Amino acid sequence: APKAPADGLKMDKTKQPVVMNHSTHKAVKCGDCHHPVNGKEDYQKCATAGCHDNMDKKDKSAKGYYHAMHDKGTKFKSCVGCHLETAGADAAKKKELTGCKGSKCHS
Ligand code: HEM
Ligand code: HEM
Ligand code: HEM
Ligand code: HEM
């Protein structure tokens with residue numbers, strides 16, 4: 001079984017890099033993020049070629065990297081989509097977990 005990596009992982013495909021900590025995400029099944037592809041949970045980097053490798057932030061296809069991290073209504077919850085549900089009606093948590101600036105994702 002693949003093991004979770006160390007905390008402090010940088011996601012740095014873009015000029016707005018974000019740190020991923022697995023320890024804060026333990027309530028989440030591995031395969032909700034490392035989702036099935038062709039019937040098997042895929043643990044490759046999300047922007048691997050053929051995966052979310054389209055760096056146009058307007059793209060909404062299954063290759064759009066921005067889309068996979070930010071949008072609602074996706075087949076697997078995105079960073080922002082899950083965080084919106086987590087924050088609920090709490091505006092402080094909305095700023096912390098979903099704010100586009102001054103949040104725990106983006107300074
Ligand atoms: C669950 C315990 C779980 C495992 C196992 C796991 C593994 C894992 C690996 C091996 C990597 C490194 C991939 C590489 O080769 O660099 C990795 C990286 C990321 N993970 Fe993960 N992970 C588990 C759980 C979760 C959960 C619950 C999420 C989503 C909340 C998540 C997400 C990520 C992300 C993002 C990365 C970085 C990938 C990238 O930048 O391309 N993981 N994980
Ligand atoms: C890396 C941890 C990673 C993330 C994050 C992630 C996100 C993601 C979302 C949010 C979707 C749904 C998008 C929607 O509009 O419905 C989604 C969908 C697919 N992905 Fe992905 N994904 C990550 C990793 C990987 C990897 C490593 C690949 C390539 C092997 C990949 C591929 C795909 C494909 C294909 C889809 C569509 C799947 C389907 O329709 O069943 N993803 N991902
Ligand atoms: C997507 C790759 C993604 C990112 C990036 C991300 C970031 C993130 C941060 C920065 C925090 C704060 C704690 C920390 O610094 O590690 C945080 C917290 C929570 N997250 Fe998250 N998150 C990503 C994805 C997801 C997904 C897909 C879910 C749900 C399915 C999810 C959940 C949560 C939860 C719960 C927390 C804790 C909330 C807090 O304690 O108030 N995240 N994440
Ligand atoms: C708020 C809705 C919000 C906005 C707007 C936003 C923007 C943004 C940009 C412009 C990028 C770079 C895109 C590019 O290719 O140039 C970027 C990248 C990432 N973001 Fe973001 N972002 C908003 C909010 C959040 C929140 C709250 C999180 C975390 C839950 C988050 C996550 C991510 C991730 C992951 C990336 C990619 C990091 C990288 O690989 O460089 N965003 N965002």
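Counting starts at 1 for both ligands and their atoms, following the listed order. Sequential numbering from 1 along the given sequence is applied to the chain's residues. For the numbers below, each heavy atom of this structure counts, side chains included, while hydrogens, waters and symmetry mates do not.
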Q: With a cut-off of 2.8 Å, does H25 place any N/O/S atom under that distance from atom 21 (Fe) of ligand 1?
A: no
Q: Which option, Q44, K40, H52, owns the non-hydrogen atom nearest atom 8 (C) of ligand 2?
A: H52
Q: Check for me whether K29 has a heavy atom closer than 4.0 Å to any atom of ligand 1.
A: yes
Q: What are the atoms of ligand 2, with element, lying closer than 4.0 Å to any heavy atom of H67?
A: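 Checking each atom against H67, I get 13 (C), 14 (C), 15 (O).
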Q: Counting C-beta onward and ignoring hydrogens, is there a side-chain heavy-atom pair between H67 and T74 closer than 4.5 Å?
A: yes
Q: Can you report which non-hydrogen protein atom sits closest to atom 2 (C) of ligand 3, along with the distance?
A: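 Nearest neighbour among protein heavy atoms for atom 2 (C) of ligand 3, to 0.1 Å: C79 SG, 2.7 Å.
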Q: Considering non-hydrogen atoms of the protein only, which is the closest contact for atom 38 (C) of ligand 3, and what is the distance?
A: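 Answer for atom 38 (C) of ligand 3: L97 CD1, 3.8 Å.
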Q: Rounded to the nearest 0.5 Å, what separation is found between the CG atom of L84 and the NZ atom of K94?
A: 8.5 Å
Q: Give a yes/no verdict on whether any heavy atom in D32 is under 4.0 Å from an atom of ligand 1.
A: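 Heavy atoms of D32 never come under 4.0 Å of ligand 1.
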Q: Mind checking whether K45 has a heavy atom under 4.0 Å from ligand 2?
A: yes
Q: Which residues pass the side-chain hydrogen bond (donor to acceptor under 3.5 Å, both in side chains) test with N21, not counting sequence neighbours?
A: none
Q: Taking only heavy atoms of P2 into account, list the atoms of ligand 1 that are under 4.0 Å away from them.
A: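 Heavy-atom distances to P2 below 4.0 Å select 5 (C).
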Q: Please identify which atoms of ligand 1 are closer than 4.0 Å to at least one heavy atom of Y43.
A: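 Under 4.0 Å from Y43, ligand 1 has these atoms: 4 (C), 5 (C), 6 (C), 7 (C), 13 (C).
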Q: So which heavy atom in the protein is nearest atom 11 (C) of ligand 2, and how far is it from that ligand atom?
A: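 Here the closest protein heavy atom is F76 CD1, 3.7 Å.
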Q: Give me the nearest non-hydrogen protein atom to atom 40 (O) of ligand 3 as residue plus atom name, then the distance to 0.1 Å.
A: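 Residue, atom and distance for the closest contact: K93 NZ, 3.9 Å.
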Q: Just which atoms of ligand 3 are under 4.0 Å from any heavy atom in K77?
A: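 Near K77, meaning under 4.0 Å from one of its heavy atoms, ligand 3 has 27 (C).
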Q: Do you know which N/O/S atom name in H83 is closest to atom 21 (Fe) of ligand 3?
A: NE2
Q: Any non-hydrogen side-chain atom of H106 less than 4.5 Å from a side-chain atom of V18?
A: yes
Q: If you check every N/O/S atom of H22, which is the one nearest atom 21 (Fe) of ligand 1?
A: NE2
Q: Within a distance under 4.0 Å of any heavy atom of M11, pick out the atoms of ligand 1 and give their elements.
A: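 This gives 35 (C), 40 (O) as the contact atoms.
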Q: Do any N or O atoms from the side chain of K95 and from the backbone of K101 form a donor-acceptor pair under 3.5 angstrom?
A: yes
Q: Could you tell me which atoms of ligand 3, counted from 1 in the order shown, lie closer than 4.0 angstrom to a heavy atom of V18?
A: 5 (C)
Q: Please state whether the rings of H83 and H25 are parallel, tilted or perpendicular, taking 30° and 60° as the class boundaries.
A: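 It falls in the parallel class, under 30°.
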Q: Pull out every atom of ligand 1 sitting under 4.0 Å from any heavy atom of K3, numbered as shown with elements.
A: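 This gives 5 (C), 7 (C), 10 (C) as the contact atoms.
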Q: For the backbone of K63 and the side chain of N54, can you confirm whether one donor and one acceptor N or O come within less than 3.5 Å of each other?
A: no
Q: Among all protein non-hydrogen atoms, which one is nearest to atom 9 (C) of ligand 1, and what is the separation to 0.1 Å?
A: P5 CD, 3.6 Å
Q: For residues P17 and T14, report the shortest heavy-atom separation together with the two atoms involved.
A: CD-O, 3.8 Å
Q: Quick one: CG on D42 to NE2 on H35, what's the gap to the nearest 0.5 Å?
A: 7.5 Å
Q: Just jot down the ligand 3 atoms closer than 4.0 angstrom to any heavy atom of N21, in number order.
A: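 By the 4.0 Å cutoff, the relevant atoms are 14 (C), 15 (O), 16 (O).
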Q: Kindly confirm or rule out an N or O of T24 lying under 3.5 angstrom from an N or O of ligand 3.
A: yes
Q: Can you see which heavy atom on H52 is nearest to which on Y65, and at what distance?
A: O-CB, 3.4 Å
Q: Could you check atom 12 (C) of ligand 3 against the protein and tell me its nearest heavy-atom contact, residue, atom and distance included?
A: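 Its nearest protein heavy-atom neighbour is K104 CD, 3.5 Å.
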Q: Could you measure the distance from the CE atom of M69 to the NZ atom of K13? Nearest 0.5 Å is fine.
A: 10.5 Å
Q: Under 4.0 Å from any heavy atom of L9, which atoms of ligand 1 are there?
A: 18 (C), 37 (C)
Q: Atom 3 (C) of ligand 1: which protein heavy atom is closest, and how many Å away?
A: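 Here the closest protein heavy atom is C30 SG, 2.8 Å.
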Q: Verify the distance test for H34 against atom 21 (Fe) of ligand 1: any N/O/S atom under 2.8 Å, yes or no.
A: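 For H34, the answer is yes, given that an N, O or S atom comes within less than 2.8 Å of atom 21 (Fe) of ligand 1.
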Q: Count the heavy atoms of every other residue, nucleotide or ligand shown that sit under 6.0 Å from NZ of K60, and state whether that count exceeds 12.
A: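 Enclosed.
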Q: Quick test: of every protein heavy atom, which one is nearest to atom 4 (C) of ligand 3, and how far off is it to 0.1 Å?
A: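 It is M20 CE, 3.3 Å.
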Q: To check your reading of the model: name the closest protein heavy atom to atom 28 (C) of ligand 3, its residue, and the distance in Å.
A: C82 SG, 2.7 Å
Q: Check whether any side-chain N or O of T48 sits under 3.5 Å from a backbone N or O of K45 as a donor-acceptor pair, and report yes or no.
A: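 Looks like yes, one N/O pair under 3.5 Å.
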Q: For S78, which part has a heavy atom under 4.0 Å from ligand 3: side chain, backbone, both, or neither?
A: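 Backbone only; the side chain of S78 stays clear of ligand 3.
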Q: Starting from atom 37 (C) of ligand 2, find the nearest protein heavy-atom neighbour and note its residue, name and distance.
A: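 Protein heavy atom with the smallest distance to atom 37 (C) of ligand 2: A62 CB, 4.0 Å.
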Q: Identify the two heavy atoms, one from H70 and one from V80, that lie closest to each other, and give their separation to 0.1 Å.
A: O-CB, 3.4 Å
Q: Quick one: does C46 get an N or O within less than 3.5 Å of an N or O on ligand 1?
A: yes
Q: Which ligand 1 atoms does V28 reach within 4.0 Å, using its non-hydrogen atoms?
A: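 What qualifies from ligand 1 is 27 (C).
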Q: What are the two closest heavy atoms between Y66 and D71, and how far apart are they?
A: CE2-OD1, 4.5 Å
Q: Under 4.0 Å from a heavy atom of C33: which atoms of ligand 1 are those, numbered in the order shown and with their elements?
A: 26 (C), 27 (C), 28 (C), 29 (C), 30 (C), 31 (C), 32 (C)
Q: Quick check: closest heavy atoms across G31 and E41, and the distance to 0.1 Å?
A: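 Closest pair (atom of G31, atom of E41, distance): CA-OE2, 3.4 Å.
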Q: In terms of hydrophobic clusters joined by side-chain contacts under 4.5 Å, are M11 and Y43 together?
A: no
Q: For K63, is the nearest heavy atom under 4.0 Å from an atom of ligand 2?
A: no
Q: Please give me the minimum heavy-atom distance between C46 and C51, naming the atom from each residue.
A: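 Heavy-atom minimum between the residues: O-CB, 3.4 Å.
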Q: Is the number of heavy atoms from other residues, nucleotides or ligands within 6.0 Å of NZ (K29) greater than 12?
A: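 Counting other residues, nucleotides and ligands, NZ of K29 exceeds 12 neighbours.
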Q: Would you mind running through ligand 2 and noting each atom that sits below 4.0 Å from a heavy atom of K75?
A: 12 (C), 14 (C), 16 (O), 39 (C), 40 (O), 41 (O)
Q: Could you grab the distance from atom CE of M20 to atom NZ of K10, nearest 0.5 Å is fine?
A: 14.0 Å
Q: Kindly indicate whether atom 35 (C) of ligand 2 is approached by any protein heavy atom to under 4.0 angstrom.
A: no
Q: Does any N or O in the side chain of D53 come within less than 3.5 Å of the main-chain N or O of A47, such that one atom is a donor and the other an acceptor?
A: no
Q: Polar contacts were defined as any N/O atom of the residue lying under 3.5 Å from an N/O atom of the ligand; does this apply to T48 and ligand 2?
A: no
Q: Tell me, please, if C51 has any N/O/S atom, main chain or side chain, under 2.8 Å from atom 21 (Fe) of ligand 2?
A: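 Coordinating: no.
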Q: I need the nearest protein heavy-atom contact for atom 33 (C) of ligand 2: residue, atom name and distance, please.
A: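 For atom 33 (C) of ligand 2, the nearest protein heavy atom is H35 CE1, 3.4 Å.
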